[PDB]
Amino acid sequence: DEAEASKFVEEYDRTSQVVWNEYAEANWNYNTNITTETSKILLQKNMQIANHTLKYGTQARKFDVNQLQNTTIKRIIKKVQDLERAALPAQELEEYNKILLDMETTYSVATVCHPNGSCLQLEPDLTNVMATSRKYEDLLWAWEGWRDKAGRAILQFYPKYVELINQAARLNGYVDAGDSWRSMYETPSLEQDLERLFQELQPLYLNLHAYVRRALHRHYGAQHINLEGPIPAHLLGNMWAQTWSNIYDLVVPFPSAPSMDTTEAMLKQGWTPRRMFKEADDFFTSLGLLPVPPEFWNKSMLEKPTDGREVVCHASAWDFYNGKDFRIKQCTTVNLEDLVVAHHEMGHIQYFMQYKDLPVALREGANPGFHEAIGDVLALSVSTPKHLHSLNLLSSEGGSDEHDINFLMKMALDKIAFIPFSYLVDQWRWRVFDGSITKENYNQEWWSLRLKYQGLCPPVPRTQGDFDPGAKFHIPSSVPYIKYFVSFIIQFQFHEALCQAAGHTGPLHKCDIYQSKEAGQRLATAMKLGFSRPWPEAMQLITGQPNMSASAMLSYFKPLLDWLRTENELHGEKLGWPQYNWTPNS
Ligand SMILES: *[C@@H]1O[C@H](CO[C@@H]2O[C@@H](C)[C@@H](O)[C@@H](O)[C@@H]2O)[C@@H](O[C@@H]2O[C@H](CO)[C@@H](O[C@@H]3O[C@H](CO)[C@@H](O)[C@H](O)[C@@H]3O)[C@H](O)[C@H]2NC(C)=O)[C@H](O)[C@H]1NC(C)=O
Ligand SMILES: [Cl-]
Ligand SMILES: [Zn+2]
């Protein structure tokens, strides 16, 4: 009966709020204070939520969902029939949760040490090395050391994790875990769609890749860069070569049009991690969107503690499922890169606040890509030279083609370069999940995709025992990654649409939507839907059409593509890496 399904949904929602809230705090306390005590409590609360999940998951499966007239109820019940890990027998559930905590703890406490003295952590020490050093050998020491410590130490857990996560998924009706993760998008054509989208950005990526390779050749020398081969993975200013903006100094198109040192500028003017979130909070309120509650400031962890405390440093945002308590945990460093991250995270918080009146089951993004896109959309405006100048972090750069092409390169090194990395991660994991990649081939298959999609090679040949994917946070933390790919495509579709709505004319990359209430309304109406409707409804609301599309991104960067083509031709570059077998001779 319809009414029995309505009662169940009401019961599931009341008890989920309480249970999910207690979990959230336990998980929070461990994430911000890694100890044995908090570790134990989190594992105990894991069993409690699993017990709530099992109970309602079992009730949910006694209902025939496609014989139910109300769609919103049909949609809630369907979700609740997926128990995720709670489908496992008791022994396996216990092993799975322990393994996840073991992998996460291992990642977060790993250090890379000189035998003489100092021991470095990932954030901020090794990060800062990858961002600032221009010495091949020092970059190499950090890149390899990180992988020797975090990557190799995760390898012992992974096959068993894969086994249990797949068991869970099969018991919830999926064929494996990758299958289950793709289902979150409710888009049967997903793989084809993502591939089409990846192919559309190849012109821009291969041209970017060749130009950066050239500038690397210039700086690190011809004996260490093959201009027809892949780039060594440790020279791009980032530990995973996922964003390249930190080597802007090596690739600046017009050196005669220099930019202010934004890090120097923020420090000299007394910017704190707290001021960086206040400024993002102001952007959101300028659009007519909600302010973060007072509680957010009292309880969030906006910097790395100076306290001895071991914490999980990866930037993230938290919903406690009472509709009032939302938090960010970030090891914020005072620089431009983390100003963008602050906006990204504050986007999560705004999404939480926007859908807080929905049933808890529908309290997530239209799809996971939408959740990651909101902050980034505002950050695109914040990032414009015009806006940064109004924050006094750049001097005037307007009305000069040289600064304009420089800005677009700066943006391209983060936005375009992340397209292939973000695509690659779950191509590898999906194939791990479906058994196409065994633990004999974890690493080799990782590097085949690194080569194929990104055009990177490892600077040091990989040995038996390496598990480089373990050195990226999301692998051991078991966080799906394709969302960031979707995110980078659609945030530009959102930018374009919001700019149109705000009355901006002229090139898209000059748009700044600060204070546009018309832009605000669109985001707000879409965010309010939560997971209540299929994601094309939200896309439609924001952009006036229902597809994912690379058009907005190609239009944003079109002036850069013309400039890269002319430049690369002028120097006779081969686009791609035809000599794909090349690795550093050294
Ligand atoms: C299918 O059912 C959904 C879900 O609504 C509800 O869930 C059930 C389990 C029961 O608890 C119901 O009592 C409960 O309504 C219906 O969605 C709901 O529709 C109503 C009617 O418009 C919405 O009411 C609005 O509430 C806001 C307050 O924020 C007011 O400002 C509006 O003026 C209006 O009163 C309600 O918000 C909405 N909720 C959700 C989650 O969708 C839906 O109408 C129904 N569909 C059909 C075809 O019957
Ligand atoms: Cl790697
Ligand atoms: Zn995010």
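Residues numbered from 1 in each chain as written, not as in the entry; some residues may be left out. Chains lettered and ligands numbered in written order. Heavy atoms only, no water. Residues with missing side-chain atoms left out of burial classes, pairs and counts.

Participant: Tell me about the overall build of the protein, and please be specific about residues and values.
Facilitator: Scanning the protein for helices and strands turns up 24 helices and 6 strands. C-alpha extents for the protein along the principal axes are approximately 70 × 55 × 50 Å. Taking all contacts inside the protein whose residues are at least 6 apart in sequence as the whole, residues at least 24 apart take part in 77%. (Helix = DSSP H or I, 4+ residues; strand = E, 2+ residues; numbered from the N terminus. Contact = heavy atoms within 4.5 Å.)

Participant: Describe the pattern of salt bridges, listing the residues and the values that go with them.
Facilitator: Summed over all chains, the structure comprises 26 salt bridges. Residue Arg134 is joined to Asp249 by a salt bridge in which the shortest nitrogen-to-oxygen separation is 2.7 Å. One end of the pair, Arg134, is in the loop between α5 (122-132) and α6 (136-154); the other, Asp249, is in helix α11 (residues 248-251), and 115 residues separate them in sequence. Looking at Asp249, the relative accessible area reads 46%, which means it is partly exposed. Between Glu191 and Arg182 there is a salt bridge; the shortest N-O distance is 3.2 Å. (Salt bridge = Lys/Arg side-chain N within 4 Å of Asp/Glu carboxyl O. Buried < 20%, exposed > 50% of the residue type's maximum accessible area, 1.4 Å probe, protein only.)

Participant: If you had to explain the coordination of the zinc ion (ligand 3) to someone new, which residues and values would you point to?
Facilitator: Taken together, the protein donors to the zinc ion (ligand 3) comprise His344 (NE2), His348 (NE2) and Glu372 (OE), at separations of 1.9 to 2.2 Å. Here the donor residues of the zinc ion (ligand 3) share one chain and are spaced in sequence as H-x3-H-x23-E. With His344 in helix α15 (residues 336-354) and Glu372 in helix α16 (residues 368-382), the pair connects residues that are 28 residues apart, well separated along the chain. Across the pair, exposure class does not vary: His344 and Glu372 are buried alike. (Donors = N, O, S within 2.8 Å, 3.2 Å for Na, K, Ca; no water.)

Participant: Got a sec to walk through the site of ligand 1? Specific residues and values, please.
Facilitator: Every residue near ligand 1 is listed here: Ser6, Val9, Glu10, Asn70, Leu358 and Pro359. Within the contact set of ligand 1, an oxygen atom lies 2.3 Å away from a side-chain nitrogen or oxygen of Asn70. Taken by itself ligand 1 offers 910 Å² of open surface, and the protein chains cover 26% of this. (Near = heavy atom within 4 Å. Polar contact = N/O pair within 3.5 Å; in protein donor to acceptor, adjacent residues only side chain to side chain. Areas by Shrake-Rupley, 256 points an atom, 1.4 Å probe, with all protein chains shown as cover.)

Participant: Outline the state of the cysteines, supporting the account with residue identities and numerical values.
Facilitator: Applying the stated criterion to the full structure yields 3 disulfides. Paired by a disulfide, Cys113 and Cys119 hold their sulfur atoms 2.0 Å apart. Between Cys113 and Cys119 the disulfide shows an S-S torsion of about 110°. By sign, it is right-handed. Classification of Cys113 by relative accessible area gives partly exposed; the value is 33%. Across the disulfide from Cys313 sits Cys331; the S-S distance is 2.1 Å. (Disulfide = S-S within 2.5 Å.)

Participant: Go over the packing of aromatic side chains with me, naming the residues and quoting the values.
Facilitator: One pass over the structure, following the stated rule, counts 46 aromatic pairs. On the numbers, 6.0 Å between centres and 65° between planes, the contact of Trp428 with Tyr442 is edge-to-face. Linking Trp428 in helix α19 (residues 418-433) with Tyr442 in helix α20 (residues 442-454), this pair joins segments that are 14 residues apart in sequence. Across the pair, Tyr442 and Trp428 agree in class, each one buried. (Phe/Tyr/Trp six-rings, centres within 6.5 Å; stacked < 30°, edge-to-face > 60°.)

Participant: So what's going on with helix α2 (residues 36-60)? Residues and values would help.
Facilitator: Residues that lie three or four places apart on an α-helix share one face, since the helix turns once every 3.6 residues. An ideal rise of 1.5 Å per residue puts 36 Å on 25 residues; α2 measures up with 36 Å between its terminal C-alpha atoms. Taken residue by residue, α2 has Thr38, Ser39, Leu42, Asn46, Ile49, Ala50, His52, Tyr56, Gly57 and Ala60 as its buried positions. Structurally, the start of α2 carries an N-cap: the backbone nitrogen of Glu37 is 3.3 Å from a side-chain oxygen of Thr35. (Expected span 1.5 Å × (residues − 1).)

Participant: With reference to specific residues and values, describe the UniProt feature "disulfide bond" in the protein.
Facilitator: Between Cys113 and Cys119, where UniProt places a disulfide bridge, the two sulfur atoms sit 2.0 Å from each other, close enough for the bridge to exist in this structure. Its relative accessible area of 45% is what places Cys119 among the partly exposed residues. Sulfur atoms of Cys313 and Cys331, annotated by UniProt as disulfide partners, sit 2.1 Å apart, under the 2.5 Å cut-off for a formed bond. Of this pair, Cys313 sits in the loop between α14 (294-299) and β4 (316-319) while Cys331 sits in the loop between β5 (326-329) and α15, and the two are 18 residues apart along the sequence. Across the pair, exposure class does not vary: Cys313 and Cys331 are buried alike. (UniProt positions renumbered as here; feature names shortened; annotations may be inferred.)

Participant: How would you summarise the pairing of β4 if you had to cite specific residues and measurements?
Facilitator: Taking every second residue as pointing to the same face, both faces of β4 are buried, with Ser316 and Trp318 on one and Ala317 and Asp319 on the other. Summarising the sheet, β4 and β5 pair through 4 bridges and their orientation is antiparallel. Bridging from a neighbouring strand, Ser316 pairs with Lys329 of β5. Hairpin connection from β4 to β5: 6 residues lie between these consecutive antiparallel strands, with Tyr321 at a positive phi of about 60°. (Pairing = 2+ DSSP bridges.)

Participant: Could you give an account of the side chain of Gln491, naming the residues involved and the relevant values?
Facilitator: Mapped onto the fold, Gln491 is located in helix α21 (residues 482-501). Given the relative accessible area of 0%, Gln491 is considered buried. Ignoring any residue separated from it by four or fewer positions in sequence, one finds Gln491 in contact with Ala373, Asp376, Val377, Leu380 and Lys415.

Participant: An account of the packing of α5 against α6 is requested, with residue identities and associated values reported.
Facilitator: At a minimum axis distance of 8 Å, the contact between α5 and α6 shows a crossing angle of 140°. For the element pair α5 / α6, the angle class is oblique. The element α5 and its partner α6 pack so that their crossing is left-handed. Taking contact as the criterion, the partners of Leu122, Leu126, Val129 and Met130 in α5 are, on α6, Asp138, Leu139, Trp141, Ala142, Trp143 and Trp146. Its residues assigned to classes, the contact of α5 with α6 comprises 9 nonpolar, no polar and 1 charged. (Axes fitted to C-alpha atoms, helices over the stretch in contact; angles between N-to-C directions. Parallel < 35°, antiparallel > 145°, perpendicular 65-115°, else oblique. Left-handed = near helix turned anticlockwise from the far one by under 90°. Nonpolar A, V, L, I, M, F, W, Y, C, P; charged D, E, K, R; others polar.)

Participant: Could you give me a rundown of the environment of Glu163, with the residues and numbers involved?
Facilitator: Tracing the backbone shows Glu163 in helix α7 (residues 158-171). Residue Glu163 is classed as partly exposed on the basis of its relative accessible area, which comes to 45%. The spacing of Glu163 and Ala177 is 14 residues in sequence and 9.5 Å in space, taken between C-alpha atoms.

Participant: Would you mind going over the nonpolar core in detail, with residue names and values included?
Facilitator: Ranked by internal contacts, the top residues of the largest apolar core, which has 182 residues, are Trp146, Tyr161 and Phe557. Counting residues in each nonpolar core, the second largest holds 11 residues, with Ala265, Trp271, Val334 and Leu339 among its members. (Core = buried A, V, L, I, M, F, W, Y, C linked by side-chain atoms within 4.5 Å.)

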